[PDB]
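Student: Okay, here's the structure, questions in a sec.
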Amino acid sequence: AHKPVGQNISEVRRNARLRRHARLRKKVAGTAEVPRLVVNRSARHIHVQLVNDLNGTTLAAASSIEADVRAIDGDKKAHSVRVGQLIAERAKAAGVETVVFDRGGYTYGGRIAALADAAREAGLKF
Amino acid sequence: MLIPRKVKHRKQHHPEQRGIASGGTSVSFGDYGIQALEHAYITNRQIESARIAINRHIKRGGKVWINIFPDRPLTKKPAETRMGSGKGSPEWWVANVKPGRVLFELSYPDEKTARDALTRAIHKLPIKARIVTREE
Amino acid sequence: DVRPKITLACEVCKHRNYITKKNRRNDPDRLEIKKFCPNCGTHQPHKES
Amino acid sequence: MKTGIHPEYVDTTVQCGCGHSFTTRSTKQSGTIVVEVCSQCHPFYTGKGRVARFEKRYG
Amino acid sequence: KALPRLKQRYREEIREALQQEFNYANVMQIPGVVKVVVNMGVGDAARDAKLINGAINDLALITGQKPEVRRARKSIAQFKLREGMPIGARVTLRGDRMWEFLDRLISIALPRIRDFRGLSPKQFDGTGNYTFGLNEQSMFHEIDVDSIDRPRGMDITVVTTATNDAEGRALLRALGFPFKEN
Amino acid sequence: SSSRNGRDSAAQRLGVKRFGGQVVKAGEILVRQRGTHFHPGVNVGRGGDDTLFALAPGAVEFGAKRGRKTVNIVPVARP
Amino acid sequence: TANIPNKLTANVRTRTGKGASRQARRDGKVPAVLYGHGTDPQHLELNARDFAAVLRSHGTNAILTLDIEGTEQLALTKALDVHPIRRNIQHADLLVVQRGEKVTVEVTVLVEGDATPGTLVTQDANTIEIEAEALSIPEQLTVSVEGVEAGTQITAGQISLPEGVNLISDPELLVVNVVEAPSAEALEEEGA
RNA sequence: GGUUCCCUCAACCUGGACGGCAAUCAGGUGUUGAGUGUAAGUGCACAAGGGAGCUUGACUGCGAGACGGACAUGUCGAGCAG
Ligand SMILES: [Zn+2]
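Chains as they are written, first to last, in the entry's author numbering: chain Q, 2 to 127; chain O, 1 to 136; chain 5, 6 to 54; chain 3, 1 to 48, 56 to 66; chain F, 6 to 187; chain Y, 8 to 86; chain X, 4 to 195.
The structure is reproduced here in structure tokens:
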């Protein structure tokens, strides 16, 4: 019988991110007029959503799991630009033109900053 | 004489003398006990006089329990002074007793000497009281 | 007085725009700080008299 | 590793009195060091001039 | 390209050595070494500033990186200690730089101790970590004995993934720590 | 001898000014307090000295969110 | 151990409250409640003198068979409300039980015998918990202090329980603590 | 003081050169018992508590709507522009 003594770094990392995501969400919130752009990052992919916090409903969502994004022959940040452009097309196809950015806890920079600037040049303003 | 080591507040209002006792109305340790039938403030001087009276009757054997403690101070202002200028310094410690409370207990092998011993203690207290046992 | 009252003046128009306090033991020198000067109309360096 | 806050650190080479040699990295600017006791020399690992002075003049 | 000798030795001579001895279910349960931390509690730095300055000078030579200067987190009158002033130093080592230090500590410094009699195996930290101290600091070849002022020992501690002390000893003796027979 | 006591300070008239269901204007004071015994809710702000005031006209409504007592302002529908 | 249920006549109350319960007591009755796995509490009334006679001769854990408007019902006495001063029985809880059901019950332990003449007996715990059948609850539990010398902690795990009765309280309670009898100098110093 | 970002204490158990109950180091338990310049109370772990970077809003012209009130005083405030 094996009995681990402490906490794996995965558990420490996970609870620390949710800790600093809630500290973020004490200010930003989603409304139908000005939705919220939630981004989730992993070691393989990146996800975005447009959430309306008034009733807890998701408007549009783009992700790196889509077949067309996988075909890109760049690095991880090259797929983040592709994912950012998809959400901007889907955001404006539902009448949304202004959003607020929810970085999800992660540091703003690198992959996250690549996605946001891809969705800024594509029409969304935030 | 029983005296608390320290009390947080030295000069306190008078304990209220309304209602009947909520807890302590039964015998837990000994075989016989003294149950109160009136409200009063039982001073530590009366408690000491009332458990010595129990001691002098059972002599050697047996055990005595005291279920109340003089926690609450009563102040007296200095003699032959006019009213005013503060509140007096505490003098004697009392225990707020309500009807139904069990004050003393005793555990002695025979009954007559134990019931006689508790009666000597009742005559030292400023209240009506009775002897109770552990049975319903 | 340890904490006396000091007047900060613009370094361009020499107008006495603010008054505050400082500890003249922790800050033996004249306090240098930027504050809005209404006469100039922009944030300018203000130095203690 | 920050740039200009750490001691200068270069690969070295240790040579012992038993002929053993390693290939390690340390802080010594020389590039090599020589030691007379190693893992192969000290008695506690192996289990095997004052000594020579009494063993030469007196026997 | 290449690896430190201990990491090379640990990778495919030590890892599977523990496999049959303890009969693990996953390779993820094989213990390793996490980090090594070198400490010097100066203590008497409350009296002079030169004391703390000397310790951080030597500790860079021993390991190969700049140390911290651990400040006191409490004011103690009995020790003439006021919170907020240097009291010690600390260096942690990870990755390659850890393995060389473990290489040199066993090979060179440890046998250089006068009348060396190994290290006690009972100093384990309950859950599989080992710590030990030195009364001096001259057992390192990266210092010059002439320049040495006073003894200033360390507190070497080795952090492992082993669950218990039984598995903690097994990993450390494989590296080559000279445990006494007791 | 004498008494060393006898001091006190002016009562500050703290408390809930507008109660549940009571229609208020914008900027109107709802609760005067020291700490956040009551936290602000929707359309309610907190002042410099921890005063809760309405940010929009409506009706007062007390609630509870994540273990915290809150004060909320709900709109009144025009006829 | 087997018991015979005690017959009692229970009348369903019409009005409940503090005013109605006080009036019922003045007429020589005790309000009572019949809950349990019936899961529909009945607010009953019992004759005050007849109910207390059953308690006198059978103890607090008395099995009862009640007559509610012509229908019988096995009931157990769960708790009693007693005035501290008047020693009344102001209320009573009745728990519905069926034959073969196991219920956890507190029974009294009695001390008997005559120990060493130089010792004093001090019983610490008045009751211990058991778990017996509906009709197989002992009416008392007996312990013996005979020839017991000096300090002995008689323990709750050393009480001779009948068959089919399992101790529920932990087996390390101190029930009877025989001790050397206090002397005239031990009396004086204790309590000052 | 302003803002942006990061963090979780006290106590207890175990192992360590001087070193001891208590200095610095390591692992575990630990949901607030620590801390908040300063009395007490109401609060604060979502931190208002600990750490770091830049900084002067410790502004100018104003201020719908309110609290409290013998009067004179006193207090809160969204929002507009520079
Ligand atoms: Zn100017």
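Virtual Cβ for every residue (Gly too), placed ideally from N, Cα, C.
Mark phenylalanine 102 (chain Q) as exposed unless 16 or more other C-beta atoms lie within 10 angstroms of its C-beta, in which case mark it buried.
Tutor: Its Cβ being crowded by 16 or more others within 10 Å, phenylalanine 102 (chain Q) is buried.
Student: On a CA-only basis, which of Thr97 (chain F), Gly48 (chain F), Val163 (chain F) is nearest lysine 85 (chain F)? Give me that one, please.
Tutor: Minimum Cα distance to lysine 85 (chain F) is reached at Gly48 (chain F).
Student: Return the bridge partner residues of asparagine 44 (chain F) from the DSSP annotation.
Tutor: DSSP output for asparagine 44 (chain F) lists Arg95 (chain F) as bridge partner(s).
Student: Can you tell me whether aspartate 151 (chain F) is buried or exposed, with buried defined as 16 or more other CB within 10 angstroms of its CB?
Tutor: Exposed is the call here.
Student: If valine 151 (chain X) and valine 181 (chain X) are in contact, beta carbons under 8 Å, what's the gap, nearest whole angstrom?
Tutor: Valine 151 (chain X) to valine 181 (chain X), Cβ: 5 Å. Contact.
Student: What distance in whole Å lies between the Cβ atoms of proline 72 (chain F) and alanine 50 (chain F), which are believed to be in contact at a cut-off of 8 Å?
Tutor: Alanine 50 (chain F) to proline 72 (chain F), Cβ: 13 Å. No contact.
Student: Considering just the uninterrupted stretch of the alpha helix (DSSP H) at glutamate 48 (chain O), what are its terminal residues?
Tutor: Unbroken alpha helix (DSSP H) run through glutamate 48 (chain O): 44-58.
Student: Looking at chain O, is there any beta carbon in it that lies within less than 8 Å of the beta carbon of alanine 5 (chain X)?
Tutor: Not closer than 8 Å to any Cβ of chain O, the Cβ of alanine 5 (chain X) fails to qualify, so no.
Student: Spatial neighbours of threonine 133 (chain O) within its chain, please: CB distance less than 8 Å, with the 5 preceding and 5 following residues excluded, ordered by chain position.
Tutor: Contacts found: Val27, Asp31, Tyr32, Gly33.
Student: Looking at the unbroken alpha helix (DSSP H) that takes in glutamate 53 (chain 5), where does it start and where does it end?
Tutor: It is not in any alpha helix (DSSP H) - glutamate 53 (chain 5) instead sits in the beta strand (DSSP E) that spans 47-53.
Student: Could you please give me the residues that DSSP links to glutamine 76 (chain X) through a beta bridge?
Tutor: Beta-bridge pairing links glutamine 76 (chain X) to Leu69 (chain X).
Student: Report yes if the CB atom of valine 58 (chain 3) is closer than 8 Å to the CB atom of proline 116 (chain F), and no otherwise.
Tutor: The answer is no: Cβ separation not under 8 Å.
Student: Check for me: the beta strand (DSSP E) holding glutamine 15 (chain 3) runs from which residue to which?
Tutor: Per DSSP, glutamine 15 (chain 3) belongs to the beta strand (DSSP E) from 14-16.
Student: Taking just the CA atoms, how far does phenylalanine 104 (chain O) sit from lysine 10 (chain X)?
Tutor: In a straight line, the C-alpha of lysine 10 (chain X) is about 40 Å away from that of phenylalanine 104 (chain O).
Student: Please decide whether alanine 65 (chain F) counts as near chain 3, where near means a Cβ-Cβ distance under 8 Å.
Tutor: At least one chain 3 Cβ lies under 8 Å of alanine 65 (chain F).
Student: Which two residues bound the contiguous beta strand (DSSP E) that contains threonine 122 (chain X)?
Tutor: Per DSSP, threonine 122 (chain X) belongs to the beta strand (DSSP E) from 122-126.
Student: Hey, does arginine 25 (chain 3) have any beta-carbon neighbour from chain F nearer than 8 Å?
Tutor: It does; some Cβ of chain F falls within 8 Å.
Student: With H, G and I counted as helix, E and B as strand and the rest as coil, what does DSSP make of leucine 56 (chain F)?
Tutor: DSSP places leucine 56 (chain F) in helix when its eight states are reduced to three.
Student: Is it buried or exposed for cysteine 45 (chain 5), if we count other Cβ within 10 angstroms and need 16 for buried?
Tutor: Exposed.
Student: Could you check if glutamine 29 (chain 3) belongs to the surroundings of ligand 1, using beta carbon to heavy atom distance under 7 Å?
Tutor: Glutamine 29 (chain 3) Cβ: outside cutoff for every heavy atom of ligand 1.
Student: Assign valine 94 (chain O) to buried or exposed, taking buried as 16 or more other Cβ atoms, counted over all protein chains shown, within 10 Å of its Cβ.
Tutor: Label assigned to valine 94 (chain O): buried.
Student: Would you mind working out which of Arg24 (chain Q), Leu116 (chain Q), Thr99 (chain Q), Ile113 (chain Q) sits nearest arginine 37 (chain Q), comparing C-alpha positions?
Tutor: Checking every option, the nearest Cα to that of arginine 37 (chain Q) belongs to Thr99 (chain Q).
Student: Considering only the alpha carbon of each residue, which of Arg42 (chain Q), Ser65 (chain Q), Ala62 (chain Q), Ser64 (chain Q) lies closest to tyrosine 109 (chain Q)?
Tutor: Nearest of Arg42 (chain Q), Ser65 (chain Q), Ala62 (chain Q), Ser64 (chain Q) to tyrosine 109 (chain Q), Cα basis: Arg42 (chain Q).
Student: Using the three-state DSSP reduction, which class does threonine 113 (chain O) fall into: helix, strand or coil?
Tutor: The answer is helix: DSSP assigns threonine 113 (chain O) an H, G or I state.
Student: May I have a chain-ordered list of the beta strand (DSSP E) segments no shorter than 3 residues that lie completely inside the stretch 68-126 of chain Q?
Tutor: Segments of the beta strand (DSSP E) lying fully in the stretch 68-126 of chain Q: 101-103.
Student: What residue from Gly19 (chain 3), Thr12 (chain 3), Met1 (chain 3) has the CA that sits closest to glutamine 40 (chain 3)'s CA?
Tutor: Ranking the options by Cα distance to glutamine 40 (chain 3), first place goes to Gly19 (chain 3).
Student: Could you tell me the distance, in whole angstroms, from the CA atom of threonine 107 (chain X) to the CA atom of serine 163 (chain X)?
Tutor: About 17 Å.
Student: Along the stretch 4-30 of chain Q, where does the CB come closer than 8 Å to a CB of chain F? Name the residues.
Tutor: Listed by position along the chain: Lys4, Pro5, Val6.
Student: State the DSSP-derived secondary structure class of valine 6 (chain Q), mapped to helix, strand or coil.
Tutor: Residue state, collapsed to three classes: coil.
Student: My understanding is that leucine 87 (chain Q) touches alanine 63 (chain Q), with C-beta atoms under 8 Å, so please give their C-beta distance in whole angstroms.
Tutor: That belief holds up - the Cβ atoms of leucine 87 (chain Q) and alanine 63 (chain Q) are roughly 4 Å apart, short of 8 Å.
Student: Look at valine 52 (chain Q) and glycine 31 (chain Q) and say whether their C-beta atoms are less than 8 Å apart.
Tutor: It is a contact, given that the beta carbons lie within the stated cut-off.
Student: Give the range of the beta strand (DSSP E) segment to which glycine 65 (chain Y) is assigned.
Tutor: 65-72 is the extent of the beta strand (DSSP E) around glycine 65 (chain Y).
Student: Is there at least one non-hydrogen atom of ligand 1 closer than 7 Å to the beta-carbon of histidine 20 (chain 5)?
Tutor: Checking the Cβ of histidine 20 (chain 5) against ligand 1 gives yes.
Student: Quick one: what's got a C-beta closer than 6 Å to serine 65 (chain Q)'s C-beta in the same chain, skipping five residues either side?
Tutor: Result list for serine 65 (chain Q): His46, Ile47, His80, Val84, in chain order.
Student: Just list the residues that DSSP pairs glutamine 29 (chain Y) with in beta bridges.
Tutor: According to DSSP, which records beta bridges pairwise, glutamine 29 (chain Y) is partnered with nothing at all.
Student: Do you know how far the Cα of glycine 31 (chain 3) is from the Cα of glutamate 26 (chain F)?
Tutor: About 40 Å.
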